Amino acid sequence: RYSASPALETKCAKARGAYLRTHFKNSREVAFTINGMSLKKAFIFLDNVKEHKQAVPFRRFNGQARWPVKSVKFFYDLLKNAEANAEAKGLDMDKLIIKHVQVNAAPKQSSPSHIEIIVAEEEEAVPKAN
Amino acid sequence: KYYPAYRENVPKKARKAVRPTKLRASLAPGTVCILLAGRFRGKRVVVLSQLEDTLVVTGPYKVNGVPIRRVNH
Amino acid sequence: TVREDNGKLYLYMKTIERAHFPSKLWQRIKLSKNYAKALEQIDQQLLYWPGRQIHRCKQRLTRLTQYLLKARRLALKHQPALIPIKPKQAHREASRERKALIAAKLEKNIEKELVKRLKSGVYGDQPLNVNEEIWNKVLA
Amino acid sequence: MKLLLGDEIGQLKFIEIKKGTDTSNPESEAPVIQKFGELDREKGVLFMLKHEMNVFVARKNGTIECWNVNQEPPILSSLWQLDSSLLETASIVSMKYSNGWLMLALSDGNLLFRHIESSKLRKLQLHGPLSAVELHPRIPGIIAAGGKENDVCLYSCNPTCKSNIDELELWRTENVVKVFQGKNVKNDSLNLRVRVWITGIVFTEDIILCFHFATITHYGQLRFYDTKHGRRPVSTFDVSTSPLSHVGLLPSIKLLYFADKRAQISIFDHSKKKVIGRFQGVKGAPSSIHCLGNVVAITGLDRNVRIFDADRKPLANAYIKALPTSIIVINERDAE
Amino acid sequence: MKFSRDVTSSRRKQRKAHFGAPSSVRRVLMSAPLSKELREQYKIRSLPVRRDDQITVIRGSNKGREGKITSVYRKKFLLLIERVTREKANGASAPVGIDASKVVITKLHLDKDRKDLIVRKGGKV
Amino acid sequence: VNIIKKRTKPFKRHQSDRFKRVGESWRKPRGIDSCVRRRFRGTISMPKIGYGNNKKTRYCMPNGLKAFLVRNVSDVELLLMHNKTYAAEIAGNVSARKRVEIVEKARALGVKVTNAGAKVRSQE
Amino acid sequence: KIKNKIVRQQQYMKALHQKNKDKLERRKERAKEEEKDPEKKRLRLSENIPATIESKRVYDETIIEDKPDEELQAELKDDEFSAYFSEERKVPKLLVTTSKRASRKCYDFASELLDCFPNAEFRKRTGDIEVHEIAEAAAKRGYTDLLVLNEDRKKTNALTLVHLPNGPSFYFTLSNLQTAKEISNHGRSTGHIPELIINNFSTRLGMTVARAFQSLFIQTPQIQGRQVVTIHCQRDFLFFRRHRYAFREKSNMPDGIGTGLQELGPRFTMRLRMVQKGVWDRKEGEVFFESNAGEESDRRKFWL
RNA sequence: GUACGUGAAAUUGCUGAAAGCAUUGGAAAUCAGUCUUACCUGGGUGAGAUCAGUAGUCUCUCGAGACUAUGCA
RNA sequence: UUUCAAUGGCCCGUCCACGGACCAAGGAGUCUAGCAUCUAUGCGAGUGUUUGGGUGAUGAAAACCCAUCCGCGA
RNA sequence: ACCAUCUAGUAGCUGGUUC
RNA sequence: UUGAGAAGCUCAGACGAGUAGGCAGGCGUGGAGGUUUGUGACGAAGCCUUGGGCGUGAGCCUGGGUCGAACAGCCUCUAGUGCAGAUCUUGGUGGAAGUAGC
RNA sequence: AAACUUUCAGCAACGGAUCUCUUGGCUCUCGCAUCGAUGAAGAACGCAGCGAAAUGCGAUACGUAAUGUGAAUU
């Protein structure tokens with residue numbers, strides 16, 4: 001099961017990767033950075049980090065900013081998968097917001113990580129008829 | 001259903017007889033007493049009679065609007 | 001002893017002289033539905049017995065009578081059925097629901113039906129809910 | 001198996017279903033159905049007597065009809081009417097045939113008898129609320145009536161039995177006298193008087209004068225009687241918790257069946273004093289059960305017709321769209 | 001109660017002997033009752049199953065089914081019956097096996113050896 | 001008599017909070033330098049016999065009755081003469097078939113059941 | 001079959017890797033020959049439709065065709081619910097009641113049900129009155145449908161409704177009962193009459209239930225309030241939702257117009273356990289439909 | 001769902017809320033259980049049974065239980 | 001339950017030092033022969049069948065029975 | 001030098017010894 | 001007056017630190033015999049739980065969640081029976097640390 | 001305020017405890033007596049099934065003959 005359900009099924013898409021050969025600590029900081037963004041902005045941010053434009057800040061494992069290429073490569077593909085899952089699910093692509101991106105450790109085989117991403121549509125409030 | 005079904009620990013005969021209540025000296029009938037508790041707190045009320053435990057008191061209804069009521073001494 | 005059988009109370013007596021015959025060990029008498037007569041029957045059948053043994057039989061008759069009384073009064077009253085909970089059916093039902101809710105697509109179903117309702121114009125000529133700008137695309 | 005059935009909308013469907021028909025299976029062929037009759041809910045079918053080949057059909061407004069089924073589709077051979085004054089408060093509760101006489105018992109106790117040929121109509125008054133009334137198959141002129149808070153009584157029109165009595169003198173108001181009256185059983189363990197609400201009556205002397213009948217009550221109790229032995233039931237069985245709907249006989253196995261309002265139809269073995277098997281695969285309360293030979297037709301609130309044999313082997317099954325109210329078996333043998 | 005110290009009541013030995021039984025022993029372990037009519041006309045209670053025997057499934061999800069035993073899967077102690085199969089996800093009809101004791105033989109495939117077995121086992125063809 | 005409890009808190013083991021390997025069941029402190037065994041100030045208490053409750057109201061639930069674990073219908077019929085003194089409790093391993101039969105019987109007997117709403121639903 | 005755990009895990013790993021390789025090779029060569037020749041691309045896409053439970057639903061003849069049927073409409077024009085669907089247009093009057101001695105949790109949900117229905121009353125169940133006695137009492141008091149919310153152990157688990165005076169009575173078991181507080185991005189309802197939408201009630205038994213739910217709501221919704229109550233039947237699970245809708249632009253939508261939903265609550269699910277013909281008597285009710293649990297194990301077999 | 005029965009703790013991530021060992025209470029969150037329907041007394045109406053200025057059957061040891069009739073004072 | 005407040009509160013075992021990163025599982029007065037006391041049991045100027053023999057048809061390594069000795073006591 | 005038994009080699013001693 | 005589990009019930013008075021050491025009564029685990037007309041696929045055992053209860057305590061009972069095949073009370077028998085530590089044995093996992101470093 | 005730090009709860013990991021099982025071990029008893037120059041024990045090499053880090057077999061290579069069951073093997 002996915003850890004969090006921050007939306008409804010008709011208005012969300014998920015993509016995940018298990019036992020990914022990367023580093024758990026670097027992935028956690030990248031995941032913390034892109035959490036809460038929009039799919040269009042996150043794609044721009046990950047490409048910027050790749051082409052030495054912006055650096056991923058380190059908050060818990062600072063020992064500051066850096067440009068982890070392996071971590072962003074995994075998150076770029078996972079978000080592309082989640083975007084594609086939104087196409088097949090008939091979702092709109094303008095309100096797509098990364099609602100819950102989480103990174104968990106994997107069986108030591110190194111420090112592999114499990115990554116899950118859930119992208120939802122921007123919740124809106126309709127005007128009250130009064 | 002009348003023959004007891006249980007141990008029926010009958011209470012030992014208590015020796016607490018009921019005697020008339022000795023009220024205060026200053027609670028004579030006809031005196032004006034200030035009500036301290038209840039909906040009519042702070043009202044000044046004329047005492048009519050001294051009941052077994054309370055005082056049957058009432059404010060003249062055309063004066064303060066306190067009907068005939070009991071109040072603890 | 002006093003014990004119930006088919007809504008009727010009986011007094012069971014055993015004596016030492018029938019100790020080795022389990023079939024004939026206990027004799028039985030039927031106590032009246034009249035409480036006072038039933039108490040009189042226990043005194044009459046148990047006379048010159050120890051007093052605490054007569055005390056205990058009459059206590060059981062009282063407690064059995066009240067048991068019969070509440071048994072009848074619960075029968076008259078309407079009680080809800082106490083229907084058991086089955087773990088496997090409940091688990092299966094929770095699983096199907098979760099999948100049926102996903103497969104229902106409630107938000108899409110509401111929206112597609114609601115829009116096609118607007119296209120058919122089930123509401124007024126210009127429905128109050130839809131604003132002017134959106135309704136322009138309805139005709140177009 | 002040729003059968004026909006009536007709905008609550010008053011329509012009559014003649015079904016030419018053959019063995020093995022089962023609508024729930026796509027590969028099975030649907031039964032051949034032709035429909036006729038009124039399409040008004042106010043004229044719904046209630047009872048479906050079988051006067052040998054001829055069939056008598058009741059209606060909610062009392063518009064009794066008579067259809068001969070030798071012709072396909074059956075035509076309205078005869079039509080009879082009942083006075084509207086008898087339907088203001090009462091309701092038709094049974095209809096049985098006995099030696100050229102048609103019975104139209106009302107709920108309040110009115111007993112309407114119409115002769116087939118002479119068209120003579122006689123009214124009989126009885127006791128209070130009626131819920132089940134039956135007519136002796138062998139002995140002419142015997143009526144068994146019962147209803148809520150009304151024990152079973154046997155109104156024997158003739159004092160003796162003989163073998164035959166002329167039809168005109170039967171059913172006279174001044175000649176009927178009750179020769180038996182059921183006595184309520186003793187109170188239960190809780191000393192609660194056992195309530196009486198008769199719902200079905202059957203005469204079981206052929207499978208067991210000398211009246212030997214069995215009744216079923218609203219409290220799920222199947223009571224057998226033997227007037228020689230005594231007024232109280234000879235035996236009583238709590239065969240169900242739900243009110244028992246109706247009771248009958250199975251000629252093939254020489255046994256008895258009953259149904260209750262929770263879609264339970266079972267056959268009762270008086271020989272062993274127990275219920276021996278059940279008619280599986282029935283949903284919804286069975287509206288009416290008809291038996292003829294080695295077949296039994298059950299129709300119910302599942303809007304289906306279930307055809308079993310006397311051995312509770314499901315032979316055929318079909319869907320009939322509208323809500324039924326009665327069934328009747330015409331041809332026991334297969335279509336071919 | 002067994003009285004013979006030649007036979008074992010050890011569960012470990014009974015379970016080992018059952019599952020490590022050879023294919024000739026498994027031939028007897030897969031035995032099915034005959035129907036009432038065959039039981040009352042061949043005077044034999046039960047026979048080892050065979051290919052091409054007409055059986056009726058008596059217990060399980062496939063209760064009431066009939067068919068001929070296409071094959072006997074002696075390794076898994078399972079029977080395979082005509083048309084008693086299960087549809088896979090792709091549309092294939094993968095057969096489902098049933099225990100030989102959970103069916104009943106309603107028509108025997110009578111070879112000459114069965115008839116000799118019948119007469120030997122107190123039977124009358 | 002009212003059901004008076006001298007103490008309501010559990011007698012936690014010393015340093016059961018410091019360590020997950022150390023359980024919270026009481027163990028007397030066997031140490032010879034133990035400050036808490038020495039009953040200093042603020043040190044957590046130790047089970048003494050003085051906390052023992054009144055012999056008249058020992059084993060009594062707050063409603064004055066005593067729990068009597070029951071496994072079937074025959075058990076609740078033993079409490080016929082002690083319904084003001086005992087309360088039936090259905091065991092955790094009794095099924096929902098029997099639980100209904102236990103509860104219905106005990107209702108006529110005038111016996112309180114501490115867990116009569118378990119494993120069941122209401123239909124009314 | 002390999003009773004050595006490690007070897008059978010290595011044997012599966014080799015089997016899995018080869019299975020993945022040759023399925024990829026088959027997929028790759030098919031992709032190359034489909035992009036080269038579209039005449040087989042949509043040719044495959046038109047037959048290789050993924051299967052789903054609804055498409056593989058077991059056949060039942062009780063499913064009514066979309067075309068009108070005279071016989072069904074003959075039976076539906078003079079039945080119990082006819083006074084709601086005829087020219088009389090009798091305004092429904094609901095009575096809401098809980099089981100005996102309910103808690104605040106029952107009322108915190110009964111209030112939400114009261115919000116869902118204008119002109120619907122709520123009499124707290126008191127004393128020794130019974131559902132067959134409230135029905136008679138509410139029948140003479142002008143009510144036309146009585147809902148009884150059954151709770152035990154501080155949870156509302158069931159809901160029986162009876163159509164007054166003798167109309168069919170339905171028994172539901174509620175599940176996943178969520179209040180407006182428990183719903184994220186909720187709203188506050190207004191006094192406007194909601195608009196009911198019902199989906200996927202194909203079977204004839206479905207229409208009996210659908211008419212029963214339709215008869216609860218006023219036949220003229222106040223569209224200006226744009227409140228919609230949804231009753232959806234999926235795999236026999238009936239979902240009850242209430243929403244506020246506002247039309248706006250939607251590029252993904254077919255006509256470019258789509259609505260935004262804001263949930264109002266309450267949110268719950270039902271399962272139809274019993275249908276009785278008449279006033280609900282649990283012991284002596286004439287069973288129209290009983291839900292057999294052992295027959296519902298077929299995930300492809302539905303009665304609603 | 002083969003990294004496959006159950007799946008504990010240490011441990012890690014995310015979300016939510018709060019804050020920056022014992023005693024006693026506050027606030028917040030939660031929870032336990034909680035009763036009305038019965039007792040007595042009077043009458044009316046019917047019911048029956050352990051009642052009959054009543055007849056039989058079976059099992060035990062005159063009468064003790066179980067019954068089947070018939071009556072309802 | 002969490003938290004706050006007022007009050008108290010110096011890390012545990014071991015013999016200053018020595019052990020302690022955490023958690024789970026495993027982990028230490030045991031069996032046997034001899035002796036002595038005490039208690040219970042059976043019998044008692046006796047006492048102890050089980051080396052062995054008889055016997056045991058439901059399990060037969062049991063239970064039951066006992067010839068000739070022999071021990072300890074007198 | 002290594003390897004396998006003897007070996008549970010030699011204890012006034014060290015550390016530990018469970019509701 | 002019913003209050004004999006005479007091993008029961010009942011009256012009274014005094015007393016209460018505790019290492020070594022002595023005495024007594026209890027709680028728990030694996031297996032044995034007997035017993036509970038014992039529990040169990042309408043869910044055994046286990047595990048989780050800011051749910052409740054009992055006992056001074058060792059501990060026991062229970063609601064809910066999870067689970068899926070066996071289990072327990074009582075009377076005796078028996079023992080490879082109870083852990084916080086032995087720089088204990090085995091396995092697992094941390095902070096050090098994304099540090100030293102390549 | 002927020003991050004950060006801590007605590008609690010929920011979910012997701014991690015780990016493989018517990019519980020249940022068990023074609024295994026361990027222990028006791030009983031019955032019997034049979035390797036090799038007529039080439040043993042062991043070792044190597046082949047054969048076909050295959051998963052072989054297993055097994056069977058020997059150029060007649062999962063064995064051939066004869067016997068038995070009687071119709072597979074997967």
# chains A, B, ... in the order shown; residues from 1 in each chain; ligands from 1
call {"tool": "interface_residues", "arguments": {"of": "chain G", "to": "chain D", "cutoff": "8 Å", "atoms": "only C-alpha atoms", "output": "list in words"}}
result
residues 59, 60, 61, 62, 71, 72, 74, 75, 78, 283, 284, 285, 286, 287, 288, 289 and 290 of chain G
call {"tool": "closest_atom_pairs", "arguments": {"of": "chain F", "to": "chain H", "cutoff": "8 Å", "atoms": "only C-alpha atoms (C1' of nucleotides)", "output": "CSV"}}
result
residue,atom,partner,partner_atom,distance
F:17,CA,H:21,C1',7.9
F:42,CA,H:22,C1',5.7
F:43,CA,H:22,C1',6.8
F:44,CA,H:22,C1',6.0
call {"tool": "write_last_selection", "arguments": {"atoms": "C-alpha atoms", "output": "PDB file, in the first residue's frame"}}
result
ATOM      1  CA  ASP F  17      11.102   3.675  31.482  1.00  0.00           C
ATOM      2  CA  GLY F  42      10.750  11.016  45.180  1.00  0.00           C
ATOM      3  CA  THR F  43      11.768   7.408  44.565  1.00  0.00           C
ATOM      4  CA  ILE F  44       8.933   5.349  43.137  1.00  0.00           C
TER       5      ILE F  44
END
call {"tool": "interface_residues", "arguments": {"of": "chain B", "to": "chain C", "cutoff": "10 Å", "atoms": "only C-alpha atoms", "output": "VMD selection string"}}
result
chain B and resid 1 to 7
call {"tool": "residues_around", "arguments": {"residues": "range 8-23 of chain B", "least_positions_apart": "6", "cutoff": "9 Å", "atoms": "only C-alpha atoms (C1' of nucleotides)", "output": "PyMOL selection string"}}
result
chain B and resi 50+52-54+73
call {"tool": "interface_residues", "arguments": {"of": "chain A", "to": "chain H", "cutoff": "8 Å", "atoms": "only C-alpha atoms (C1' of nucleotides)", "output": "short mmCIF file (atom, residue, chain, number, x, y, z; two decimals) with N, CA and C atoms, in the first residue's frame"}}
result
data_model
loop_
_atom_site.label_atom_id
_atom_site.label_comp_id
_atom_site.auth_asym_id
_atom_site.auth_seq_id
_atom_site.Cartn_x
_atom_site.Cartn_y
_atom_site.Cartn_z
N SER A 3 1.81 4.91 1.39
CA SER A 3 1.78 5.33 2.79
C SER A 3 0.65 6.32 3.06
N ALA A 4 0.42 7.26 2.15
CA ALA A 4 -0.54 8.33 2.38
C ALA A 4 -1.52 8.44 1.22
N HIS A 100 2.34 13.82 -2.10
CA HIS A 100 3.00 12.96 -1.12
C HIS A 100 4.13 12.23 -1.84
N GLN A 102 7.60 10.29 -0.84
CA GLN A 102 8.27 9.71 0.32
C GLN A 102 9.38 8.79 -0.15
N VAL A 103 10.45 8.73 0.62
CA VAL A 103 11.57 7.84 0.38
C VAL A 103 11.78 6.99 1.62
N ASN A 104 11.84 5.68 1.44
CA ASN A 104 12.08 4.74 2.53
C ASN A 104 13.29 3.89 2.20
N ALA A 105 13.96 3.41 3.24
CA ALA A 105 15.12 2.55 3.05
C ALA A 105 14.69 1.19 2.51
#
call {"tool": "select_by_dssp", "arguments": {"residues": "chain A", "states": "helix (DSSP H, G or I)", "output": "VMD selection string"}}
result
chain A and resid 9 to 11 24 to 34 39 to 50 69 to 88
call {"tool": "interface_residues", "arguments": {"of": "chain K", "to": "chain A", "cutoff": "8 Å", "atoms": "only C-alpha atoms (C1' of nucleotides)", "output": "ChimeraX atom specification"}}
result
/K:97-99
call {"tool": "interface_residues", "arguments": {"of": "chain K", "to": "chain C", "cutoff": "9 Å", "atoms": "only C-alpha atoms (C1' of nucleotides)", "output": "PyMOL selection string"}}
result
chain K and resi 2+42-43
call {"tool": "closest_atom_pairs", "arguments": {"of": "chain G", "to": "chain C", "cutoff": "9 Å", "atoms": "only C-alpha atoms", "output": "CSV"}}
result
residue,atom,partner,partner_atom,distance
G:128,CA,C:78,CA,8.7
G:130,CA,C:78,CA,8.1
G:175,CA,C:94,CA,8.8
G:197,CA,C:110,CA,7.8
G:199,CA,C:109,CA,8.2
G:223,CA,C:129,CA,6.7
G:224,CA,C:128,CA,5.0
G:225,CA,C:129,CA,7.3
G:226,CA,C:129,CA,6.1
G:228,CA,C:110,CA,8.9
G:230,CA,C:110,CA,7.4
G:232,CA,C:106,CA,7.6
G:233,CA,C:104,CA,8.1
G:234,CA,C:104,CA,5.8
G:235,CA,C:100,CA,6.1
G:236,CA,C:100,CA,8.7
G:237,CA,C:97,CA,6.6
G:239,CA,C:101,CA,8.0
G:241,CA,C:106,CA,8.8
G:245,CA,C:129,CA,8.6
G:246,CA,C:129,CA,6.9
G:247,CA,C:130,CA,6.0
G:248,CA,C:134,CA,6.3
G:249,CA,C:134,CA,7.3
G:253,CA,C:112,CA,8.8
G:255,CA,C:138,CA,8.2
G:256,CA,C:137,CA,7.9
G:257,CA,C:115,CA,7.4
G:258,CA,C:115,CA,6.6
G:259,CA,C:111,CA,5.9
G:260,CA,C:111,CA,7.8
G:261,CA,C:107,CA,7.4
G:269,CA,C:97,CA,8.5
G:282,CA,C:81,CA,8.4
G:293,CA,C:89,CA,7.7
G:297,CA,C:92,CA,8.5
G:299,CA,C:96,CA,8.0
call {"tool": "residues_around", "arguments": {"residues": "residue 12 in chain I", "least_positions_apart": "6", "cutoff": "12 Å", "atoms": "only C-alpha atoms (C1' of nucleotides)", "output": "PyMOL selection string"}}
result
(chain F and resi 14-16+18-19+22+29-36) or (chain I and resi 19-20) or (chain K and resi 84-85)
call {"tool": "write_last_selection", "arguments": {"atoms": "N, CA, C and O atoms (P, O5', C5', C4', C3', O3' and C1' of nucleotides)", "output": "PDB file, in the first residue's frame"}}
result
ATOM      1  N   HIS F  14      11.414  -0.385  38.614  1.00  0.00           N
ATOM      2  CA  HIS F  14      12.403   0.680  38.597  1.00  0.00           C
ATOM      3  C   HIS F  14      13.156   0.668  37.274  1.00  0.00           C
ATOM      4  O   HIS F  14      13.605  -0.386  36.816  1.00  0.00           O
ATOM      5  N   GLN F  15      13.293   1.845  36.662  1.00  0.00           N
ATOM      6  CA  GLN F  15      14.002   2.037  35.400  1.00  0.00           C
ATOM      7  C   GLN F  15      13.371   1.278  34.241  1.00  0.00           C
ATOM      8  O   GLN F  15      14.029   1.024  33.231  1.00  0.00           O
ATOM      9  N   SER F  16      12.099   0.905  34.364  1.00  0.00           N
ATOM     10  CA  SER F  16      11.395   0.309  33.237  1.00  0.00           C
ATOM     11  C   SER F  16      11.200   1.313  32.117  1.00  0.00           C
ATOM     12  O   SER F  16      11.042   0.927  30.956  1.00  0.00           O
ATOM     13  N   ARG F  18      13.550   3.723  31.435  1.00  0.00           N
ATOM     14  CA  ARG F  18      14.839   3.999  30.814  1.00  0.00           C
ATOM     15  C   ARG F  18      15.102   3.075  29.634  1.00  0.00           C
ATOM     16  O   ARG F  18      15.661   3.505  28.620  1.00  0.00           O
ATOM     17  N   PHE F  19      14.715   1.807  29.745  1.00  0.00           N
ATOM     18  CA  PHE F  19      15.136   0.783  28.802  1.00  0.00           C
ATOM     19  C   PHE F  19      13.945   0.015  28.255  1.00  0.00           C
ATOM     20  O   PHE F  19      13.026  -0.336  28.996  1.00  0.00           O
ATOM     21  N   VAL F  22      13.923  -3.562  29.463  1.00  0.00           N
ATOM     22  CA  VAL F  22      13.447  -3.731  30.828  1.00  0.00           C
ATOM     23  C   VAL F  22      11.939  -3.553  30.822  1.00  0.00           C
ATOM     24  O   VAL F  22      11.435  -2.466  30.522  1.00  0.00           O
ATOM     25  N   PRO F  29      13.858  -4.810  43.657  1.00  0.00           N
ATOM     26  CA  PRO F  29      15.241  -4.436  43.346  1.00  0.00           C
ATOM     27  C   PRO F  29      16.240  -5.179  44.216  1.00  0.00           C
ATOM     28  O   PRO F  29      16.385  -4.889  45.406  1.00  0.00           O
ATOM     29  N   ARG F  30      16.942  -6.141  43.620  1.00  0.00           N
ATOM     30  CA  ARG F  30      17.880  -6.983  44.347  1.00  0.00           C
ATOM     31  C   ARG F  30      19.171  -6.258  44.699  1.00  0.00           C
ATOM     32  O   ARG F  30      19.992  -6.817  45.435  1.00  0.00           O
ATOM     33  N   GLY F  31      19.380  -5.048  44.181  1.00  0.00           N
ATOM     34  CA  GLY F  31      20.643  -4.363  44.386  1.00  0.00           C
ATOM     35  C   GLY F  31      20.832  -3.903  45.819  1.00  0.00           C
ATOM     36  O   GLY F  31      19.879  -3.617  46.543  1.00  0.00           O
ATOM     37  N   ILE F  32      22.099  -3.827  46.232  1.00  0.00           N
ATOM     38  CA  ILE F  32      22.441  -3.457  47.603  1.00  0.00           C
ATOM     39  C   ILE F  32      22.784  -1.983  47.759  1.00  0.00           C
ATOM     40  O   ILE F  32      22.854  -1.496  48.898  1.00  0.00           O
ATOM     41  N   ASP F  33      23.010  -1.263  46.665  1.00  0.00           N
ATOM     42  CA  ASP F  33      23.195   0.181  46.718  1.00  0.00           C
ATOM     43  C   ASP F  33      21.997   0.936  46.160  1.00  0.00           C
ATOM     44  O   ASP F  33      22.054   2.163  46.042  1.00  0.00           O
ATOM     45  N   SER F  34      20.911   0.236  45.830  1.00  0.00           N
ATOM     46  CA  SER F  34      19.785   0.861  45.149  1.00  0.00           C
ATOM     47  C   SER F  34      19.179   1.956  46.009  1.00  0.00           C
ATOM     48  O   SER F  34      18.696   1.698  47.114  1.00  0.00           O
ATOM     49  N   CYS F  35      19.205   3.184  45.491  1.00  0.00           N
ATOM     50  CA  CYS F  35      18.593   4.300  46.200  1.00  0.00           C
ATOM     51  C   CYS F  35      17.095   4.094  46.347  1.00  0.00           C
ATOM     52  O   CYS F  35      16.517   4.398  47.396  1.00  0.00           O
ATOM     53  N   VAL F  36      16.445   3.581  45.306  1.00  0.00           N
ATOM     54  CA  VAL F  36      14.996   3.467  45.344  1.00  0.00           C
ATOM     55  C   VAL F  36      14.576   2.390  46.337  1.00  0.00           C
ATOM     56  O   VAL F  36      13.601   2.561  47.081  1.00  0.00           O
TER      57      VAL F  36
ATOM     58  P     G I  19      35.668  -2.652  31.339  1.00  0.00           P
ATOM     59  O5'   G I  19      34.169  -3.179  31.312  1.00  0.00           O
ATOM     60  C5'   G I  19      33.900  -4.571  31.260  1.00  0.00           C
ATOM     61  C4'   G I  19      32.427  -4.865  31.386  1.00  0.00           C
ATOM     62  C3'   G I  19      31.504  -4.031  30.524  1.00  0.00           C
ATOM     63  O3'   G I  19      31.475  -4.425  29.167  1.00  0.00           O
ATOM     64  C1'   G I  19      30.644  -4.106  32.700  1.00  0.00           C
ATOM     65  P     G I  20      31.307  -3.305  28.031  1.00  0.00           P
ATOM     66  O5'   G I  20      29.839  -2.750  28.274  1.00  0.00           O
ATOM     67  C5'   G I  20      28.706  -3.575  28.056  1.00  0.00           C
ATOM     68  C4'   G I  20      27.429  -2.796  28.211  1.00  0.00           C
ATOM     69  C3'   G I  20      27.333  -1.516  27.402  1.00  0.00           C
ATOM     70  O3'   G I  20      27.013  -1.741  26.046  1.00  0.00           O
ATOM     71  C1'   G I  20      26.625  -1.099  29.611  1.00  0.00           C
TER      72        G I  20
ATOM     73  P     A K  84      15.303  -8.688  32.807  1.00  0.00           P
ATOM     74  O5'   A K  84      16.084  -7.521  32.066  1.00  0.00           O
ATOM     75  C5'   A K  84      16.514  -7.657  30.718  1.00  0.00           C
ATOM     76  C4'   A K  84      17.987  -7.379  30.582  1.00  0.00           C
ATOM     77  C3'   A K  84      18.908  -8.374  31.274  1.00  0.00           C
ATOM     78  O3'   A K  84      20.132  -8.409  30.557  1.00  0.00           O
ATOM     79  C1'   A K  84      19.203  -6.242  32.228  1.00  0.00           C
ATOM     80  P     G K  85      20.736  -9.780  29.999  1.00  0.00           P
ATOM     81  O5'   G K  85      22.280  -9.619  30.313  1.00  0.00           O
ATOM     82  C5'   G K  85      23.068  -8.764  29.506  1.00  0.00           C
ATOM     83  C4'   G K  85      23.989  -7.874  30.301  1.00  0.00           C
ATOM     84  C3'   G K  85      25.213  -8.545  30.930  1.00  0.00           C
ATOM     85  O3'   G K  85      26.351  -7.724  30.696  1.00  0.00           O
ATOM     86  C1'   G K  85      24.106  -7.227  32.530  1.00  0.00           C
TER      87        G K  85
END
call {"tool": "residues_around", "arguments": {"residues": "range 52-63 of chain H", "least_positions_apart": "5", "cutoff": "10 Å", "atoms": "only C-alpha atoms (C1' of nucleotides)", "output": "list in words"}}
result
residues 23, 24 and 27 of chain C; 68, 69, 70, 71, 72 and 73 of chain H
call {"tool": "residues_around", "arguments": {"residues": "residue 76 in chain E", "least_positions_apart": "3", "cutoff": "10 Å", "atoms": "only C-alpha atoms (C1' of nucleotides)", "output": "list in words"}}
result
residues 19, 26, 72, 73, 79, 97, 98 and 99 of chain E
call {"tool": "select_by_dssp", "arguments": {"residues": "chain B", "states": "strand (DSSP E or B)", "output": "ChimeraX atom specification"}}
result
/B:32-34,44-50,54-58,69-72
call {"tool": "residues_around", "arguments": {"residues": "residue 190 in chain D", "least_positions_apart": "3", "cutoff": "9 Å", "atoms": "only C-alpha atoms (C1' of nucleotides)", "output": "list in words"}}
result
residues 6, 7, 8, 68, 69, 71, 72, 73 and 75 of chain C; 187 and 193 of chain D
call {"tool": "closest_atom_pairs", "arguments": {"of": "chain F", "to": "chain K", "cutoff": "7 Å", "atoms": "only C-alpha atoms (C1' of nucleotides)", "output": "CSV"}}
result
residue,atom,partner,partner_atom,distance
F:21,CA,K:84,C1',6.9
F:22,CA,K:84,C1',6.4
F:47,CA,K:56,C1',5.1
F:48,CA,K:56,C1',5.2
F:49,CA,K:56,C1',4.7
F:50,CA,K:56,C1',6.7
F:51,CA,K:56,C1',5.1
F:52,CA,K:56,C1',4.7
F:59,CA,K:54,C1',5.6
F:61,CA,K:53,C1',6.7
F:92,CA,K:62,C1',6.9
F:93,CA,K:39,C1',6.0
F:94,CA,K:39,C1',6.2
F:95,CA,K:42,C1',6.4
F:96,CA,K:42,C1',5.3
F:97,CA,K:42,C1',5.4
